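What's in query_5.pdb: PDB, C-alpha atoms
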ATOM      1  CA  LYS T   1      -0.163  15.920   3.793  1.00  0.00           C
ATOM      2  CA  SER T   2       1.231  17.330   0.562  1.00  0.00           C
ATOM      3  CA  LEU T   3      -1.022  17.590  -2.503  1.00  0.00           C
ATOM      4  CA  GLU T   4       1.759  15.917  -4.564  1.00  0.00           C
ATOM      5  CA  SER T   5       0.840  12.565  -6.118  1.00  0.00           C
ATOM      6  CA  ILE T   6       2.704   9.535  -4.798  1.00  0.00           C
ATOM      7  CA  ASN T   7       2.701   7.840  -8.216  1.00  0.00           C
ATOM      8  CA  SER T   8       6.318   8.496  -9.183  1.00  0.00           C
ATOM      9  CA  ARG T   9       7.488   7.607  -5.663  1.00  0.00           C
ATOM     10  CA  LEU T  10       5.515   4.355  -5.931  1.00  0.00           C
ATOM     11  CA  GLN T  11       7.249   3.567  -9.232  1.00  0.00           C
ATOM     12  CA  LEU T  12      10.590   4.095  -7.452  1.00  0.00           C
ATOM     13  CA  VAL T  13       9.540   1.521  -4.828  1.00  0.00           C
ATOM     14  CA  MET T  14       8.583  -0.929  -7.598  1.00  0.00           C
ATOM     15  CA  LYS T  15      12.052  -0.506  -9.119  1.00  0.00           C
ATOM     16  CA  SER T  16      14.254  -0.293  -6.017  1.00  0.00           C
ATOM     17  CA  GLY T  17      12.308  -1.215  -2.877  1.00  0.00           C
ATOM     18  CA  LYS T  18      10.782  -4.212  -1.142  1.00  0.00           C
ATOM     19  CA  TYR T  19       7.007  -4.654  -0.994  1.00  0.00           C
ATOM     20  CA  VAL T  20       4.043  -7.060  -0.998  1.00  0.00           C
ATOM     21  CA  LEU T  21       0.689  -6.762  -2.805  1.00  0.00           C
ATOM     22  CA  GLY T  22      -2.781  -7.899  -1.777  1.00  0.00           C
ATOM     23  CA  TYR T  23      -4.762  -8.302   1.456  1.00  0.00           C
ATOM     24  CA  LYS T  24      -3.220 -11.506   2.762  1.00  0.00           C
ATOM     25  CA  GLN T  25       0.414 -10.486   2.465  1.00  0.00           C
ATOM     26  CA  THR T  26      -0.222  -6.861   3.470  1.00  0.00           C
ATOM     27  CA  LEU T  27      -1.956  -7.952   6.667  1.00  0.00           C
ATOM     28  CA  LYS T  28       0.807 -10.485   7.356  1.00  0.00           C
ATOM     29  CA  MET T  29       3.486  -7.794   6.986  1.00  0.00           C
ATOM     30  CA  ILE T  30       1.570  -5.346   9.207  1.00  0.00           C
ATOM     31  CA  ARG T  31       1.042  -7.975  11.929  1.00  0.00           C
ATOM     32  CA  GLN T  32       4.728  -9.041  11.861  1.00  0.00           C
ATOM     33  CA  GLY T  33       5.861  -5.410  12.248  1.00  0.00           C
ATOM     34  CA  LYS T  34       7.554  -5.411   8.834  1.00  0.00           C
ATOM     35  CA  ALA T  35       5.341  -2.801   7.125  1.00  0.00           C
ATOM     36  CA  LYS T  36       6.863   0.683   6.953  1.00  0.00           C
ATOM     37  CA  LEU T  37       3.942   2.123   4.963  1.00  0.00           C
ATOM     38  CA  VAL T  38       0.654   0.653   3.768  1.00  0.00           C
ATOM     39  CA  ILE T  39      -1.257   1.977   0.753  1.00  0.00           C
ATOM     40  CA  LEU T  40      -5.023   1.597   0.188  1.00  0.00           C
ATOM     41  CA  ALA T  41      -6.907   2.368  -3.040  1.00  0.00           C
ATOM     42  CA  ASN T  42     -10.026   4.551  -2.786  1.00  0.00           C
ATOM     43  CA  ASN T  43     -12.275   1.713  -3.943  1.00  0.00           C
ATOM     44  CA  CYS T  44     -10.960  -1.032  -1.700  1.00  0.00           C
ATOM     45  CA  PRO T  45     -13.828  -2.765   0.093  1.00  0.00           C
ATOM     46  CA  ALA T  46     -14.856  -0.794   3.190  1.00  0.00           C
ATOM     47  CA  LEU T  47     -14.559  -3.809   5.487  1.00  0.00           C
ATOM     48  CA  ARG T  48     -11.033  -4.468   4.169  1.00  0.00           C
ATOM     49  CA  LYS T  49      -9.977  -0.810   4.498  1.00  0.00           C
ATOM     50  CA  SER T  50     -11.261  -0.890   8.079  1.00  0.00           C
ATOM     51  CA  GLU T  51      -9.464  -4.137   8.922  1.00  0.00           C
ATOM     52  CA  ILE T  52      -6.173  -2.939   7.417  1.00  0.00           C
ATOM     53  CA  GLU T  53      -6.465   0.458   9.146  1.00  0.00           C
ATOM     54  CA  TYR T  54      -7.164  -1.278  12.449  1.00  0.00           C
ATOM     55  CA  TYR T  55      -4.166  -3.600  12.341  1.00  0.00           C
ATOM     56  CA  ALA T  56      -1.929  -0.813  11.050  1.00  0.00           C
ATOM     57  CA  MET T  57      -3.010   1.295  14.054  1.00  0.00           C
ATOM     58  CA  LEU T  58      -2.013  -1.504  16.456  1.00  0.00           C
ATOM     59  CA  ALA T  59       1.317  -1.866  14.627  1.00  0.00           C
ATOM     60  CA  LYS T  60       1.949   1.939  14.668  1.00  0.00           C
ATOM     61  CA  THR T  61       2.319   1.719  10.885  1.00  0.00           C
ATOM     62  CA  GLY T  62       1.305   4.592   8.636  1.00  0.00           C
ATOM     63  CA  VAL T  63      -1.428   4.122   6.054  1.00  0.00           C
ATOM     64  CA  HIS T  64      -1.510   6.296   2.959  1.00  0.00           C
ATOM     65  CA  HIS T  65      -4.991   6.496   1.476  1.00  0.00           C
ATOM     66  CA  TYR T  66      -4.323   6.629  -2.243  1.00  0.00           C
ATOM     67  CA  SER T  67      -6.167   9.375  -4.102  1.00  0.00           C
ATOM     68  CA  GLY T  68      -7.024   7.054  -6.993  1.00  0.00           C
ATOM     69  CA  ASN T  69      -8.768   3.760  -7.547  1.00  0.00           C
ATOM     70  CA  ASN T  70      -7.462   0.185  -7.786  1.00  0.00           C
ATOM     71  CA  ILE T  71      -7.115   0.411 -11.596  1.00  0.00           C
ATOM     72  CA  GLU T  72      -4.796   3.415 -11.132  1.00  0.00           C
ATOM     73  CA  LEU T  73      -2.956   1.738  -8.264  1.00  0.00           C
ATOM     74  CA  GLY T  74      -2.518  -1.520 -10.236  1.00  0.00           C
ATOM     75  CA  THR T  75      -1.155   0.523 -13.148  1.00  0.00           C
ATOM     76  CA  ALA T  76       1.212   2.485 -10.849  1.00  0.00           C
ATOM     77  CA  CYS T  77       2.491  -0.881  -9.566  1.00  0.00           C
ATOM     78  CA  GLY T  78       3.134  -2.061 -13.163  1.00  0.00           C
ATOM     79  CA  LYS T  79       0.510  -4.813 -12.977  1.00  0.00           C
ATOM     80  CA  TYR T  80      -2.268  -5.841 -15.385  1.00  0.00           C
ATOM     81  CA  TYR T  81      -4.822  -6.322 -12.613  1.00  0.00           C
ATOM     82  CA  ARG T  82      -6.440  -4.130  -9.980  1.00  0.00           C
ATOM     83  CA  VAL T  83      -4.556  -3.547  -6.741  1.00  0.00           C
ATOM     84  CA  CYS T  84      -6.380  -2.498  -3.570  1.00  0.00           C
ATOM     85  CA  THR T  85      -3.558  -2.639  -1.052  1.00  0.00           C
ATOM     86  CA  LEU T  86       0.155  -3.042  -0.632  1.00  0.00           C
ATOM     87  CA  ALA T  87       2.738  -2.886   2.146  1.00  0.00           C
ATOM     88  CA  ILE T  88       6.109  -1.228   1.624  1.00  0.00           C
ATOM     89  CA  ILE T  89       8.831  -3.037   3.592  1.00  0.00           C
ATOM     90  CA  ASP T  90      11.805  -1.045   2.233  1.00  0.00           C
ATOM     91  CA  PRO T  91      11.248   2.202   0.282  1.00  0.00           C
ATOM     92  CA  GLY T  92      14.551   1.717  -1.560  1.00  0.00           C
ATOM     93  CA  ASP T  93      15.493   4.963  -3.306  1.00  0.00           C
ATOM     94  CA  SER T  94      12.006   6.491  -3.046  1.00  0.00           C
ATOM     95  CA  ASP T  95      11.561   9.301  -0.542  1.00  0.00           C
ATOM     96  CA  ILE T  96       8.063   7.843  -0.049  1.00  0.00           C
ATOM     97  CA  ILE T  97       8.355   7.446   3.749  1.00  0.00           C
TER
END

As structure tokens, what does this structure read like?
Amino acid sequence: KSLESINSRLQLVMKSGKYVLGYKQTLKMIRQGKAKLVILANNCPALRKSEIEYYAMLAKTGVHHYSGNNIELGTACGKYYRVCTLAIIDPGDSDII
């Protein structure tokens, strides 16, 4: 995996792609086979990381383990709250996949 940060690519998804935020919707999208890529912050709860990784494995869906924390991920998503996980359904114009 490249050392390059995904931050700018994530911003491109926010602007041009399709995505969901949060455990409930991320898990739903994984389980329905709609998730093209899942992202997890480094300070997500361990039990939640494990659950998401497990279901993503069954769905053959890639998981990118974000190098930063949920403050950084929330900020990269243009939110004013912490974000632990999201599922990208359509990358739009981002070469993120």

The PyMOL selection byres ((chain T and resi 60-67) around 6) - which residues does that actually catch in the file I just gave you? List them as an mmCIF file with C-alpha atoms, in the frame of the given file.
data_model
loop_
_atom_site.group_PDB
_atom_site.id
_atom_site.type_symbol
_atom_site.label_atom_id
_atom_site.label_comp_id
_atom_site.auth_asym_id
_atom_site.auth_seq_id
_atom_site.Cartn_x
_atom_site.Cartn_y
_atom_site.Cartn_z
ATOM 1 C CA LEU T 37 3.942 2.123 4.963
ATOM 2 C CA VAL T 38 0.654 0.653 3.768
ATOM 3 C CA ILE T 39 -1.257 1.977 0.753
ATOM 4 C CA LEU T 40 -5.023 1.597 0.188
ATOM 5 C CA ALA T 41 -6.907 2.368 -3.040
ATOM 6 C CA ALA T 56 -1.929 -0.813 11.050
ATOM 7 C CA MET T 57 -3.010 1.295 14.054
ATOM 8 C CA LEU T 58 -2.013 -1.504 16.456
ATOM 9 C CA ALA T 59 1.317 -1.866 14.627
ATOM 10 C CA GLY T 68 -7.024 7.054 -6.993
#

Translate the PyMOL selection byres ((chain T and resi 15) around 12), as applied to the file shown, into an explicit residue set as an MDAnalysis selection string.
chainID T and resid 8:14 16:19 76:78 90:94

Contacts of residue 24 in chain T at 10 Å or less, counting all atoms listed in the file, minus same-chain residues fewer than 4 places along, as a list in words?
residues 20, 28, 29, 85 and 86 of chain T

Can you spit out the residues from that selection as a PDB file, in the frame of the given file, using C-alpha atoms?
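Dumped everything to part-v6.pdb:
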ATOM      1  CA  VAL T  20       4.043  -7.060  -0.998  1.00  0.00           C
ATOM      2  CA  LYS T  28       0.807 -10.485   7.356  1.00  0.00           C
ATOM      3  CA  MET T  29       3.486  -7.794   6.986  1.00  0.00           C
ATOM      4  CA  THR T  85      -3.558  -2.639  -1.052  1.00  0.00           C
ATOM      5  CA  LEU T  86       0.155  -3.042  -0.632  1.00  0.00           C
TER       6      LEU T  86
END

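Computed from the coordinates, the CA of residue 50 in chain T to CA of residue 80 in chain T distance equals 25.6 Å.
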
Can you tell me how far CA of residue 83 in chain T sits from CA of residue 71 in chain T, in Å to one decimal?
6.8 Å

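Straight-line separation from CA of residue 52 in chain T to CA of residue 23 in chain T: 8.1 Å.
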
Decode the PyMOL selection byres ((chain T and resi 2) around 12) for the given file into explicit residues and return them as a compact mmCIF listing (two decimals) with C-alpha atoms, in the coordinates of the input.
# COMPACT_ATOMS: atom_id res chain seq x y z
CA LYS T 1 -0.16 15.92 3.79
CA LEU T 3 -1.02 17.59 -2.50
CA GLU T 4 1.76 15.92 -4.56
CA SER T 5 0.84 12.56 -6.12
CA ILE T 6 2.70 9.54 -4.80
CA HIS T 64 -1.51 6.30 2.96
CA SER T 67 -6.17 9.38 -4.10
CA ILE T 96 8.06 7.84 -0.05

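Each of T:74, T:79, T:95, T:69 was compared to residue 43 in chain T using only C-alpha atoms, and T:69 turns out to be the nearest.
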
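Proximity to residue 7 in chain T was assessed for T:73, T:35, T:87, T:27 counting all atoms listed in the file; the smallest distance is recorded for T:73.
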